Amino acid sequence: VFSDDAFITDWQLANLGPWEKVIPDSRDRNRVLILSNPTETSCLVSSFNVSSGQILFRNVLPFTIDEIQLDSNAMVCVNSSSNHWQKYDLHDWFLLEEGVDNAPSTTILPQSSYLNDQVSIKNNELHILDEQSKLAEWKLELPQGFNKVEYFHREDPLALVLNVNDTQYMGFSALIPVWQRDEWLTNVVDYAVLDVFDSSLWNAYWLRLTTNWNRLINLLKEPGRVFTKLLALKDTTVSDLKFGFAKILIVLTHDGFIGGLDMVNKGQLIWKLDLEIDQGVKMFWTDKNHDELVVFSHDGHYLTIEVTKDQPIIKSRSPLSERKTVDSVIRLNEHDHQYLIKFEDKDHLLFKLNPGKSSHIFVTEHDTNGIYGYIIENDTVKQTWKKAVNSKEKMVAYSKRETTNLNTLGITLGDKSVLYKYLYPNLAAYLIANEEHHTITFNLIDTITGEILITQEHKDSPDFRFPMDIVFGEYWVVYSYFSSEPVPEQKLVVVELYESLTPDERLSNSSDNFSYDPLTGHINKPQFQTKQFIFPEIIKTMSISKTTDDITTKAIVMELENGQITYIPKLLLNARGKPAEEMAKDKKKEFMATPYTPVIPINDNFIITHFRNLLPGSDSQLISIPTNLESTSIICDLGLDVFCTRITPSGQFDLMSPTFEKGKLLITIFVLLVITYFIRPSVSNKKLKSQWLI
Amino acid sequence: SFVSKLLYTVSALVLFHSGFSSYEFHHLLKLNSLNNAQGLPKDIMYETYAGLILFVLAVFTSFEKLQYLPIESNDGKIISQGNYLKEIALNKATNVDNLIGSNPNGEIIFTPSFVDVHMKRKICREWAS
Amino acid sequence: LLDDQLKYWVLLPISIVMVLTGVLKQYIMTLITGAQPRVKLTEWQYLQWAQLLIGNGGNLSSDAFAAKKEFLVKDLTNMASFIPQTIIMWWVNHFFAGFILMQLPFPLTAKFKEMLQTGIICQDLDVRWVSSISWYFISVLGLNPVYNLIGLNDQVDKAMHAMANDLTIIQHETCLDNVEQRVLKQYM
Ligand SMILES: [C][C][C][C][C][C][C][C]C(=O)O[C]([C]OC(=O)[C][C][C][C][C][C][C])[C]OP([O])(=O)O[C][C]N([C])([C])[C]
Ligand SMILES: *[C@@H]1O[C@H](CO)[C@@H](O)[C@H](O)[C@H]1NC(C)=O
Ligand SMILES: *[C@@H]1O[C@H](CO)[C@@H](O)[C@H](O)[C@H]1NC(C)=O
Ligand SMILES: *[C@@H]1O[C@H](CO)[C@@H](O)[C@H](O)[C@H]1NC(C)=O
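Conventions used here
- Residues numbered from 1 in each chain as written, not as in the entry; some residues may be left out.
- Chains lettered and ligands numbered in written order.
- Part of a larger assembly, values for the part shown.
- Heavy atoms only, no water.
- Contact = heavy atoms within 4.5 Å.
- Buried area = accessible area lost by both parts, 1.4 Å probe.
- Salt bridge = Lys/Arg side-chain N within 4 Å of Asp/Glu carboxyl O.
- Polar contact = N/O pair within 3.5 Å; in protein donor to acceptor, adjacent residues only side chain to side chain.
- Helix = DSSP H or I, 4+ residues; strand = E, 2+ residues; numbered from the N terminus.
- Nonpolar A, V, L, I, M, F, W, Y, C, P; charged D, E, K, R; others polar.
- Pairing = 2+ DSSP bridges.
- Axes fitted to C-alpha atoms, helices over the stretch in contact; angles between N-to-C directions.
- Near = heavy atom within 4 Å.
- Areas by Shrake-Rupley, 256 points an atom, 1.4 Å probe, with all protein chains shown as cover.
- Buried < 20%, exposed > 50% of the residue type's maximum accessible area, 1.4 Å probe, protein only.
- Patch = residues over 30% accessible without salt bridge, like charges linked within 9 Å, V, L, I, M, F, W, Y side chains within 5 Å.
- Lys, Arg positive; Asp, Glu negative; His and termini not counted.
- Charge placed at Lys NZ, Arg CZ, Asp CG, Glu CD.
- Parallel < 35°, antiparallel > 145°, perpendicular 65-115°, else oblique.
- Left-handed = near helix turned anticlockwise from the far one by under 90°.
- Core = buried A, V, L, I, M, F, W, Y, C linked by side-chain atoms within 4.5 Å.
- UniProt positions renumbered as here; feature names shortened; annotations may be inferred.

- cryo-EM is the method the PDB entry lists for this structure, together with a resolution of 3.2 Å.

## Observations concerning the interface of chain C and chain A
Next up, step 1: Contacts between the two partners involve 30 residues from chain C, matched on the other side by 33 residues from chain A.
Next up, step 2: With both sides pooled, the region where chain C packs onto chain A buries about 3400 Å², and carbon together with sulfur makes up 76% of that total.
Next up, step 3: In terms of surface lost to chain A, no three residues of chain C exceed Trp9(C), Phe95(C) and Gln123(C), which account for 21% of the buried area on that side.
Next up, step 4: The interface formed by chain C and chain A includes zero salt bridges.
Next up, step 5: Counting across the interface, chain C meets chain A through two residue pairs in polar contact.
Next up, step 6: If you list the elements that add at least two residues to the side of chain C that touches chain A, you get helix 1 (8-32) and helix 4 (79-95) of chain C.
Next up, step 7: When residues in the side of chain C that touches chain A are grouped by element, the largest group, 11 residues, is from helix 1 of chain C.
Next up, step 8: Within the side of chain C that touches chain A, the residues separate by chemical class into 22 nonpolar, four polar and four charged.

## Here's the deal with the interface of chain B and chain C
Next up, step 1: In this complex, chain B contributes four residues to the contact, which on the side of chain C involves six residues.
Next up, step 2: Of the roughly 280 Å² buried between chain B and chain C on both sides combined, carbon and sulfur atoms contribute 40%.
Next up, step 3: On inspection of chain B and its partner chain C, the count reaches zero salt bridges.
Next up, step 4: Put simply, chain B and chain C have three residue pairs in polar contact between them.

## Remarks on the sheet that holds strand 21 (residues 292-297) of chain A
All names here are of chain A.
Next up, step 1: If you trace the four strands from one edge of the open sheet to the other, you get 20-21-22-23, paired in antiparallel fashion. The sheet is open, and its two borders are formed by strand 20 (280-285) and strand 23 (313-319), each paired with just one other strand. The mean angle between the axes of side-by-side strands here comes to 20°, regardless of whether they run parallel or antiparallel.

## Examining the site of ligand 3
Residues and elements named next belong to chain A.
Next up, step 1: Around ligand 3, the neighbouring residues are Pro62, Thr64, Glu67, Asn79 and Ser81.
Next up, step 2: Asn79 is positioned such that a nitrogen or oxygen atom in its side chain is 2.4 Å from an oxygen atom of ligand 3.
Next up, step 3: Here ligand 3, which alone exposes 350 Å², has 50% of that area covered by the protein.
Next up, step 4: When its residues are assigned to classes, the shell around ligand 3 shows one nonpolar, three polar and one charged.

## A look at the pairing of strand 10 (residues 125-128) of chain A
Residues and elements named next belong to chain A.
Next up, step 1: Side chains of strand 10 alternate between two faces, with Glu125 and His127 and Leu126 and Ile128 buried alike.
Next up, step 2: Both strand 9 (residues 119-121) and strand 10 contribute to a ladder of three bridges, which runs antiparallel. Following the sheet pairing, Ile121 is matched in strand 10 by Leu126.
Next up, step 3: In textbook terms, the turn of a hairpin is the stretch between consecutive antiparallel strands, and for strand 9 and strand 10 this stretch comprises three residues, one of which, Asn124, has a positive phi near 55°.
Next up, step 4: As paired strands, strand 10 and strand 11 (residues 140-141) are joined by two bridges and run antiparallel to one another. Residue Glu125 lies in a different strand from strand 11, and its bridge partner there is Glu141.

## Examining a positive patch on the surface
Residues and elements named next belong to chain B.
Next up, step 1: Together, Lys120, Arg121, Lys122 and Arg125 make up a positively charged patch on the protein surface.
Next up, step 2: Residue position: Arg125 is located in the segment after helix 6 (112-122).
Next up, step 3: Overall, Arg125 belongs to the exposed group, its relative accessible area being 65%.

## Considerations on the site of ligand 1
Next up, step 1: Around ligand 1, the structure places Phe106(C), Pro107(C) and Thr109(C).
Next up, step 2: Between an oxygen atom of ligand 1 and a main-chain N or O atom of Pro107(C), the distance comes to 3.3 Å.

## Here we look at the packing of helix 4 of chain C against helix 6 (residues 133-142) of chain C
Residues and elements named next belong to chain C.
Next up, step 1: Following both chains from N to C, one finds helix 4 and helix 6 inclined at 155°, their axes separated by 10 Å at the closest point. Considering the angle they form, helix 4 stands roughly antiparallel to helix 6. As helix 4 packs across helix 6, the resulting crossing turns out to be right-handed. Taking contact as the criterion, the partners of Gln85, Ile88, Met89, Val92 and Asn93 in helix 4 are, on helix 6, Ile133, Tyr136 and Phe137.
Next up, step 2: Classifying every residue of the contact of helix 4 with helix 6 gives six nonpolar, two polar and no charged.

## Section: the environment of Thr645(A)
All names here are of chain A.
Next up, step 1: Mapped onto the secondary structure, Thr645 falls in strand 46 (residues 643-647).
Next up, step 2: Here the alpha-carbon distance between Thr645 and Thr609, two residues 36 residues apart in the chain, equals 8.9 Å.
Next up, step 3: Once you skip the residues sitting within four places of it in the chain, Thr645 turns out to touch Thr9, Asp10, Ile608, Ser633, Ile634 and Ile635.
Next up, step 4: One polar contact links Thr645 to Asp10, side chain to side chain, over a distance of 2.8 Å.

## Thoughts on the pattern of salt bridges
Residues and elements named next belong to chain A.
Next up, step 1: Under the criterion given, the structure shown has 23 salt bridges over all chains.
Next up, step 2: A salt bridge links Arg58 to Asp641, with the shortest nitrogen-to-oxygen separation between them at 2.2 Å. Of the two residues examined, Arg58 and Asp641, each falls in the buried class.
Next up, step 3: With a closest N to O distance of 2.5 Å, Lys570 and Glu496 form a salt bridge. Remark: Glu496 occurs in strand 38 (residues 489-498) and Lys570 occurs in the loop between strand 42 (565-568) and strand 43 (607-608); sequence separation between them is 74 residues.
Next up, step 4: Classification of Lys570 as buried rests on a relative accessible area of 12%.
Next up, step 5: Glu496 gets classed as buried once you look at its relative accessible area, which sits at 1%.
Next up, step 6: Through salt bridges with shared partners, a single ionic network connects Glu496, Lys570, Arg576 and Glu590.

## Overview of the nonpolar core
Next up, step 1: Core analysis: the largest hydrophobic core is formed by 31 residues, its most contacted members being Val17(C), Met18(C), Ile88(C), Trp91(C), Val92(C) and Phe96(C).
Next up, step 2: Elements supplying a minimum of two residues to this core: helix 4 (662-691) of chain A together with helix 1, helix 4 and helix 6 of chain C.
Next up, step 3: Per-element tally for this core: the top contributor is helix 1 of chain C, with eight residues.
Next up, step 4: Contact partners of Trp91(C), with chain neighbours within four places excluded, come to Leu665(A), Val17(C) and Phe96(C).
Next up, step 5: In this structure, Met468(A), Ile470(A), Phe472(A) and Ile523(A) belong to the second largest nonpolar core, which totals 22 residues.

## Some details on the UniProt feature "transmembrane region" in chain B
Next up, step 1: UniProt feature "transmembrane region": in the numbering of this structure it lies at residues 6-26 and 44-64 of chain B.
Next up, step 2: The straight-line gap between the two end C-alpha atoms of residues 44-64 of chain B is 33 Å; of that span, 81% is helix and 0% is strand.

Set out below in structure tokens:
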């Protein structure tokens, strides 16, 4: 099922970042090693074919760039706090040596000095000079922008790299342009999705008849008649536009850069706008009309941008009321056009921008210290409660209840009894990691009032150095953490919430005229059932897929440490499961009751990113975009590498197939037609003329 | 073409036209709803019922009153009962038989083979031979 | 849901195949259809004559009832269901699997969701949305009018001697005596 659309639909882009150092390779002379993308803890060391694009490999090394130097080649990397050091081979990333006592040696990587040696630029034009007898061969007109000459090799495989604009690199050879690269997309912070789509009675009888009959007459000719009747014979662009597959993804990078990526056509760039905000923090649609964007900056400015089919225009820039650094922004009610802005130093500002050209409102903020909650009344914010952790506890994962279209009100059993799943909208789930007992606690807080309603602690020697995560479904919660005691393996835990566990009961949820009041606390309280599963590989992050109507299974989708992305349907993670010995001839169970199966093995069919490397960075997001053709949903991974693809958790049942056997069906119909047409005269003549004996 | 086949062809054309028009109208009530991000009845109905009534009158005007020719005589003299169906009471069935100059018992009455041989030997003698 | 122009290649071929296999079934049952001495057929004929004089001719023979009996006694003494429906279920489950074909206009109950939606592995889709096999489950029942309209159509001696002795005075029918009353009972 994969090999037809293996690389066709997958949408992977490679971003190397702005290059910091370019080291030549002693062997395979048209190859270099690029140190790029610095941060406080690591850097990105890649290998690059210099007479092409075609990044060869990438690795995130946990050393700062100033700690990475050559030998006295062999690329010695030495920590400074300790003396842990690693010597890695060039031309193959082999860990040649490792040690703790002493580094072998270092040499500081030399500065360019490309002036006075090979280059002179006078008349907005670049001349390459021999060292002596400077005859100035291979002159080239400069590009529009020009920052510096990144790399230059003078011997037989001549190659030249220019850092033309701030983020663009141009590569020439013996001079004709050979390749061009752009790393403006190195870190995506927030996204927004833009959709593209198509666009007395007797007089009605006459106009309809005339237009239909003329339409038939015009298409009457152009055998071609049978193929026009066939309706099988095609351009895929109208098919993709009809199902909503084609879309524009609007991304805000970590620096100030908005851009639109074509969700089909392998991510060609439709338009790019360069802001001057110096960091972007969030991005929103201003109104339901989906024409304007509001962009918040780190230093406190906000911008209003008009999105058009052509290159957009930055129609407004202005500061906030208080010029402080912005931590985060929450979108309030759509129609009132409000935003709650949390500044670092933890100060909250209500913001009412423009028209976009008791009815309490409740908010919830979370930190590593706890969950806080707020109430917005009379255009002012007021602290309402607090749930703060102790000195040795630290909250690690938190998730909210996503709004979901309600298709069925209860899960139905075999013998046709129904459990009436628990559907209360104002819930949040979070994990508290406690040292001094080595425990992980799960809490399901009621966010309007602040009741806990569930606590569930695990003591199986959790590690706390390996990533932890939680996701909240329609009526269930699934969280993941690493643990040592049963076996040292990644662990998933799923809890499912029901109104009452007796097979037919609405203990509460009186639905006739009650008009529940949640702020009093009168609501019904849940009951729950929980299970744990073991997974082989370390799960970096998790999400749940979306569709137009939330019918198909939710397909918990996971990004692993490798960068590989794998999903499993929620049907496999079944609470209320049994060990498959007690599932046999248990009439009460379900339709197609899945067994318990605690050990989950990895299935290579479901691994998306079949052969893609997909280094997704340390800070990444998994997002899901619904489409029409409800079997299919789009999933994208944003981060250092941006990637997009389509998944079908329940199989593809709306679109019939790309492998339908039409010819065999027509052959069967034609065989039946001719055998009838040939056997009819025989039976008619023989039996009718013999039975009457005329 | 008399009224029944005319009404069949007209009913078929009208029903196909109304079906295609309803196909078009109901296709662009979901596509147009999707184009707005999930946001011609009367004439079509009257045309559809007109097609239906045409079909029903085409099925009913396919019944013609029974009219006969006499077996004995040779003038037209159409012997019409003014009925649409055939009677179930044996009295009226044999009545409509007797108005024609035939007898349904047929062979038992005439005994065809014996009188056949006698008359075909006779037919050579008579004047028309 | 939003299904995409698979109505034609599923609804039309299935209906065509059911009509054509019905016609073939009728023709094959016609062709397949599902004593040699004269004495054998003669005795069968005399047996049938006794039967009809019991039932048929024992009504209006009022004077002749007595005379006959001496002469009488002196002279006397489901693959069609199983084959094609299984074949069609086999063909439908082979070619048309794992699809949603249409929604019925009337709401069924959930066990019909179990029966009809075998292709799909969802759990809350609907009862009204059906796979392709449902189109067969209706087309079996409702194809009778179409078939009508296209034109289609659908040891020994002792026993009868005992009944000959039984029928002597069993019933002498009151006919050719009351007939004047019944003629005067009508034609008024
Ligand atoms: C096999 C032929 C198909 C027959 C299916 C029945 C069609 C009639 C029908 O829809 O009635 C339904 C069938 O709801 C049920 O499914 C319960 C069945 C009740 C009839 C049982 C007969 C013993 C019940 O009537 P209702 O008023 O409670 O439903 C709401 C109104 N409605 C949306 C239906 C307009
Ligand atoms: C780099 O690209 C050039 C030209 O495309 C090619 O000849 C060379 O083999 C490439 N390097 C490697 C290691 O494949
Ligand atoms: C060197 O080791 C120390 C040990 O605590 C660590 O904190 C530091 O981050 C390491 N150096 C780098 C560059 O990561
Ligand atoms: C750098 O800026 C120039 C001028 O705006 C523009 O061509 C582009 O953004 C960059 N240069 C090139 C050659 O792409």
